[PDB]
Amino acid sequence: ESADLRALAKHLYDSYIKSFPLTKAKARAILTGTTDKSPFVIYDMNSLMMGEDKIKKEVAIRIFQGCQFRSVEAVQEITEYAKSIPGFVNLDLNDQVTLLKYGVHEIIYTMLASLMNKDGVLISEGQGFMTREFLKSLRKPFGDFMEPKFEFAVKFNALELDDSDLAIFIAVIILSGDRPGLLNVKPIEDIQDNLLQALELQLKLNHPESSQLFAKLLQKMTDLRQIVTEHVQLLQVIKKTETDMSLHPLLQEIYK
Ligand SMILES: CC/C=C\C/C=C\C/C=C\C/C=C\C=C\[C@H](O)CCCC(=O)O
(Lines of atoms letter the chains of each structure in order from A and count residues from 1; the text may use other names and numbers.)
(Lines give C-alpha, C1' and ligand atoms only; values in the text may rest on other atoms or scores of the structure.)
Protein backbone atom coordinates (compact mmCIF):
# COMPACT_ATOMS: atom_id res chain seq x y z
CA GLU A 1 0.00 0.00 0.00
CA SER A 2 1.19 3.46 -0.97
CA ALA A 3 -0.88 4.81 1.95
CA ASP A 4 1.72 3.34 4.27
CA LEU A 5 4.43 5.19 2.36
CA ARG A 6 2.69 8.51 2.49
CA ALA A 7 2.23 8.00 6.19
CA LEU A 8 5.95 7.28 6.64
CA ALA A 9 6.87 10.34 4.58
CA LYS A 10 4.78 12.58 6.82
CA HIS A 11 6.28 11.15 10.00
CA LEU A 12 9.79 11.86 8.76
CA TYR A 13 8.99 15.36 7.50
CA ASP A 14 7.34 16.14 10.79
CA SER A 15 10.53 15.13 12.75
CA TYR A 16 12.70 17.04 10.30
CA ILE A 17 10.92 20.28 11.18
CA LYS A 18 11.16 19.44 14.82
CA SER A 19 14.90 18.70 14.67
CA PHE A 20 16.24 21.56 12.53
CA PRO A 21 15.60 25.18 13.51
CA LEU A 22 16.70 26.57 10.12
CA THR A 23 14.86 24.91 7.24
CA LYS A 24 15.41 25.45 3.52
CA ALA A 25 12.08 27.29 3.16
CA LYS A 26 13.20 29.84 5.78
CA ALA A 27 16.71 30.06 4.23
CA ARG A 28 15.31 30.66 0.73
CA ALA A 29 12.87 33.25 2.02
CA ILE A 30 15.80 35.10 3.50
CA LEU A 31 18.11 34.73 0.48
CA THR A 32 15.63 35.93 -2.13
CA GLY A 33 14.66 39.08 -0.23
CA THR A 34 11.58 41.12 2.89
CA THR A 35 12.53 43.54 5.69
CA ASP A 36 12.54 41.59 9.01
CA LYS A 37 14.81 38.84 7.86
CA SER A 38 17.25 41.02 5.96
CA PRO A 39 20.77 39.61 6.78
CA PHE A 40 23.97 41.56 7.37
CA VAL A 41 26.55 40.92 4.71
CA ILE A 42 30.25 40.24 5.34
CA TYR A 43 32.55 40.65 2.34
CA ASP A 44 35.76 42.07 3.83
CA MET A 45 37.69 42.68 7.04
CA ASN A 46 35.74 45.74 8.18
CA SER A 47 32.31 44.26 7.58
CA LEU A 48 33.58 41.21 9.46
CA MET A 49 34.40 43.18 12.59
CA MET A 50 31.24 45.20 11.97
CA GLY A 51 29.31 41.97 11.94
CA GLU A 52 30.83 40.65 15.14
CA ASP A 53 29.08 43.67 16.62
CA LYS A 54 25.73 43.61 14.81
CA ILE A 55 25.07 39.85 14.62
CA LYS A 56 26.50 38.39 17.82
CA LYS A 57 43.14 35.36 16.89
CA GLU A 58 43.35 35.91 13.11
CA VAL A 59 40.36 36.24 10.81
CA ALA A 60 40.83 32.95 8.94
CA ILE A 61 41.32 30.71 11.98
CA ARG A 62 38.76 32.58 14.09
CA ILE A 63 36.20 32.00 11.33
CA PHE A 64 37.16 28.34 10.88
CA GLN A 65 36.57 27.76 14.60
CA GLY A 66 32.99 28.93 14.07
CA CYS A 67 32.61 26.24 11.45
CA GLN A 68 33.68 23.65 13.99
CA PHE A 69 31.14 24.78 16.57
CA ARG A 70 28.36 24.85 14.01
CA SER A 71 29.29 21.38 12.80
CA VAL A 72 29.10 20.05 16.30
CA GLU A 73 25.70 21.71 16.64
CA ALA A 74 24.43 20.07 13.45
CA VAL A 75 25.60 16.67 14.58
CA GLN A 76 23.38 16.95 17.64
CA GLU A 77 20.47 17.90 15.38
CA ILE A 78 21.08 14.95 13.02
CA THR A 79 21.52 12.54 15.92
CA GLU A 80 18.12 13.44 17.35
CA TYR A 81 16.47 13.11 13.96
CA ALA A 82 18.03 9.73 13.45
CA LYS A 83 16.19 8.43 16.58
CA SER A 84 12.82 9.25 15.03
CA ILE A 85 13.58 6.94 12.07
CA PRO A 86 11.43 3.81 12.54
CA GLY A 87 13.57 0.85 13.42
CA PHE A 88 16.80 2.85 13.90
CA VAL A 89 16.90 2.77 17.75
CA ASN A 90 16.04 -0.95 17.59
CA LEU A 91 19.35 -1.77 15.99
CA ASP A 92 22.55 -2.86 17.71
CA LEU A 93 23.93 0.09 19.61
CA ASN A 94 27.24 -0.42 17.79
CA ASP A 95 25.69 -0.11 14.38
CA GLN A 96 23.71 3.01 15.44
CA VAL A 97 27.01 4.66 16.15
CA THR A 98 28.58 3.43 12.85
CA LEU A 99 25.77 4.81 10.66
CA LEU A 100 25.95 8.14 12.53
CA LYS A 101 29.73 8.41 12.33
CA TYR A 102 29.84 8.04 8.56
CA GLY A 103 26.50 9.45 7.55
CA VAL A 104 26.73 12.65 9.54
CA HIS A 105 28.94 14.70 7.26
CA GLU A 106 27.28 13.78 4.00
CA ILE A 107 24.08 15.07 5.65
CA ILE A 108 25.74 18.30 6.81
CA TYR A 109 26.85 19.21 3.31
CA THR A 110 23.40 18.27 1.84
CA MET A 111 21.60 20.64 4.22
CA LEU A 112 24.36 23.22 3.87
CA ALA A 113 23.28 23.64 0.25
CA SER A 114 19.92 25.01 1.43
CA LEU A 115 21.83 27.93 2.93
CA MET A 116 23.86 28.70 -0.17
CA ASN A 117 23.52 30.49 -3.51
CA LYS A 118 26.37 31.05 -6.00
CA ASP A 119 27.44 34.24 -4.15
CA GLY A 120 27.48 33.21 -0.50
CA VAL A 121 26.09 31.44 2.56
CA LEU A 122 23.86 32.26 5.52
CA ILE A 123 25.46 32.03 9.00
CA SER A 124 24.15 32.20 12.56
CA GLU A 125 20.72 30.90 11.85
CA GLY A 126 20.22 33.17 8.86
CA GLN A 127 21.22 36.31 10.79
CA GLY A 128 24.30 36.83 8.65
CA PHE A 129 25.59 36.15 5.13
CA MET A 130 29.26 35.66 4.26
CA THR A 131 30.28 36.03 0.62
CA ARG A 132 31.95 33.17 -1.22
CA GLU A 133 34.54 35.70 -2.46
CA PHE A 134 35.61 36.59 1.08
CA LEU A 135 36.00 32.93 2.14
CA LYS A 136 37.95 32.23 -1.04
CA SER A 137 40.30 35.07 -0.30
CA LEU A 138 41.26 33.64 3.08
CA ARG A 139 44.81 32.51 3.91
CA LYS A 140 46.14 29.27 2.58
CA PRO A 141 45.09 26.69 3.53
CA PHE A 142 41.70 28.14 4.67
CA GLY A 143 40.89 29.86 1.39
CA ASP A 144 40.22 26.59 -0.44
CA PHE A 145 38.18 25.30 2.51
CA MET A 146 34.64 26.16 1.36
CA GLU A 147 35.03 26.15 -2.41
CA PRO A 148 34.10 22.45 -2.87
CA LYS A 149 30.87 23.06 -0.93
CA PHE A 150 29.75 26.03 -3.01
CA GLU A 151 30.48 23.95 -6.11
CA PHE A 152 28.15 21.17 -4.90
CA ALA A 153 25.47 23.50 -3.62
CA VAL A 154 24.97 25.21 -7.03
CA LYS A 155 24.73 21.84 -8.80
CA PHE A 156 22.49 20.32 -6.12
CA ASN A 157 20.30 23.29 -5.57
CA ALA A 158 19.36 22.93 -9.21
CA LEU A 159 17.15 19.95 -8.36
CA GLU A 160 14.88 22.41 -6.60
CA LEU A 161 14.03 20.05 -3.76
CA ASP A 162 12.11 21.19 -0.71
CA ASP A 163 12.16 20.18 2.97
CA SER A 164 9.66 17.35 2.76
CA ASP A 165 11.87 15.76 0.04
CA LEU A 166 15.21 16.32 1.89
CA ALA A 167 13.87 14.66 5.05
CA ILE A 168 13.41 11.24 3.39
CA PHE A 169 16.69 11.62 1.53
CA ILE A 170 18.83 12.22 4.65
CA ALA A 171 17.00 9.25 6.20
CA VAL A 172 18.27 7.13 3.35
CA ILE A 173 21.78 8.48 3.74
CA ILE A 174 21.88 7.43 7.40
CA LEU A 175 20.46 4.02 6.80
CA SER A 176 23.23 2.90 4.46
CA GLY A 177 23.95 -0.82 4.82
CA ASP A 178 27.45 -0.47 3.39
CA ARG A 179 29.20 1.44 6.10
CA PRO A 180 32.65 0.28 7.25
CA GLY A 181 32.15 -2.14 10.18
CA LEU A 182 28.38 -2.73 10.31
CA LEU A 183 27.75 -5.89 12.32
CA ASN A 184 24.15 -6.59 11.41
CA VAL A 185 23.71 -5.34 7.83
CA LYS A 186 20.43 -7.00 6.82
CA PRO A 187 18.07 -5.27 9.28
CA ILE A 188 19.51 -1.91 8.15
CA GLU A 189 19.02 -2.52 4.44
CA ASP A 190 15.44 -3.61 5.18
CA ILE A 191 14.79 -0.17 6.58
CA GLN A 192 16.47 1.63 3.65
CA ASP A 193 14.42 -0.33 1.20
CA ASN A 194 11.30 1.09 2.81
CA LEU A 195 12.79 4.62 2.97
CA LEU A 196 13.72 4.39 -0.76
CA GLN A 197 10.16 3.38 -1.44
CA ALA A 198 9.02 6.57 0.40
CA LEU A 199 11.47 8.81 -1.47
CA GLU A 200 10.43 7.35 -4.81
CA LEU A 201 6.72 8.01 -4.25
CA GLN A 202 7.38 11.35 -2.56
CA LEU A 203 9.37 12.67 -5.50
CA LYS A 204 6.95 11.46 -8.12
CA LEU A 205 4.00 13.13 -6.43
CA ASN A 206 5.89 16.30 -5.56
CA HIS A 207 7.76 16.66 -8.83
CA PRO A 208 5.46 15.15 -11.44
CA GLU A 209 7.01 17.01 -14.36
CA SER A 210 10.54 16.31 -13.23
CA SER A 211 11.83 13.34 -15.20
CA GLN A 212 14.00 10.74 -13.39
CA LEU A 213 14.59 12.99 -10.36
CA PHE A 214 14.75 9.92 -8.13
CA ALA A 215 17.78 8.61 -10.13
CA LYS A 216 19.37 12.07 -10.47
CA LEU A 217 19.11 12.54 -6.73
CA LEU A 218 20.54 9.13 -5.71
CA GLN A 219 23.51 9.96 -7.97
CA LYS A 220 24.37 12.99 -5.83
CA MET A 221 25.48 10.67 -3.03
CA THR A 222 28.51 10.28 -5.26
CA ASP A 223 29.29 13.98 -5.11
CA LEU A 224 28.78 13.94 -1.37
CA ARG A 225 31.42 11.27 -0.75
CA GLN A 226 33.95 13.25 -2.81
CA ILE A 227 33.24 16.36 -0.75
CA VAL A 228 33.83 14.47 2.50
CA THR A 229 37.11 13.00 1.30
CA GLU A 230 38.64 16.21 0.08
CA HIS A 231 37.70 17.68 3.49
CA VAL A 232 39.49 14.95 5.47
CA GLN A 233 42.67 15.67 3.57
CA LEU A 234 42.64 19.42 3.99
CA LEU A 235 41.58 18.86 7.58
CA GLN A 236 44.66 16.70 8.10
CA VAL A 237 46.86 19.40 6.57
CA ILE A 238 45.57 22.13 8.92
CA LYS A 239 46.53 19.77 11.76
CA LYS A 240 50.27 19.98 10.94
CA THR A 241 50.64 23.63 9.90
CA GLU A 242 48.42 24.70 12.81
CA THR A 243 49.53 22.60 15.80
CA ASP A 244 48.30 25.33 18.14
CA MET A 245 44.67 24.97 16.98
CA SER A 246 41.94 23.06 18.79
CA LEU A 247 39.42 20.51 17.45
CA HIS A 248 36.16 19.48 19.11
CA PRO A 249 36.52 15.92 20.53
CA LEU A 250 33.18 14.94 18.98
CA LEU A 251 34.54 15.86 15.50
CA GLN A 252 37.87 14.13 16.09
CA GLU A 253 35.90 10.99 17.01
CA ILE A 254 34.00 10.98 13.72
CA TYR A 255 37.12 11.17 11.55
CA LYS A 256 38.96 8.10 12.85
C1 LIG B 1 29.18 31.95 13.59
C2 LIG B 1 29.58 31.48 12.21
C3 LIG B 1 31.03 31.82 11.96
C4 LIG B 1 31.69 31.24 10.96
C5 LIG B 1 30.98 30.25 10.07
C6 LIG B 1 31.24 30.60 8.62
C7 LIG B 1 30.85 29.78 7.66
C8 LIG B 1 30.14 28.49 8.00
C9 LIG B 1 29.37 28.00 6.80
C10 LIG B 1 29.27 26.69 6.56
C11 LIG B 1 29.92 25.70 7.50
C12 LIG B 1 28.86 24.91 8.21
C13 LIG B 1 29.16 23.73 8.75
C14 LIG B 1 30.52 23.21 8.67
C15 LIG B 1 31.23 23.39 7.55
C16 LIG B 1 32.64 22.85 7.46
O17 LIG B 1 32.76 22.02 6.30
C18 LIG B 1 32.95 22.03 8.71
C19 LIG B 1 34.43 22.12 9.06
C20 LIG B 1 34.73 21.34 10.34
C21 LIG B 1 34.80 19.87 10.03
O22 LIG B 1 33.77 19.30 9.60
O23 LIG B 1 35.88 19.27 10.21
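All positions are counted from 1 along the displayed chain.
If you check the header, you will see the structure was determined by X-ray crystallography, 2.8 Å.
Every residue gets a Cβ built from N, Cα and C, even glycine.
Feature annotation from Swiss-Prot across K18, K26, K101, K216 places ubiquitin cross-link at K18. For the rosiglitazone site that Swiss-Prot gives as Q68, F69, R70, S71, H105, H231, the extra residue drawn from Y81, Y255 is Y255. Ligand 1 lies under 6 Å from the Cβ of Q68, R70, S71, out of the binding-site residues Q68, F69, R70, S71, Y255. The full span of the recorded rosiglitazone binding residues, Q68, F69, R70, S71, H105, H231, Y255, taken as their largest Cα to Cα distance, is 16 Å.
Sequence-distant neighbours of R70 (rosiglitazone binding site) (same chain, 6+ apart, CB under 8 A from its CB) are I123. Residue environment of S71 (rosiglitazone binding site) contains 17 other Cβ atoms, counted within 10 Å of its Cβ in all protein chains.
Under 8 Å, Cβ to Cβ, and six or more positions away along its own chain, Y255 (rosiglitazone binding site) finds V232, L235. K56 and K57 bracket a stretch of 11 residues that the deposited model omits, and the distance between their Cα atoms is 17 Å.
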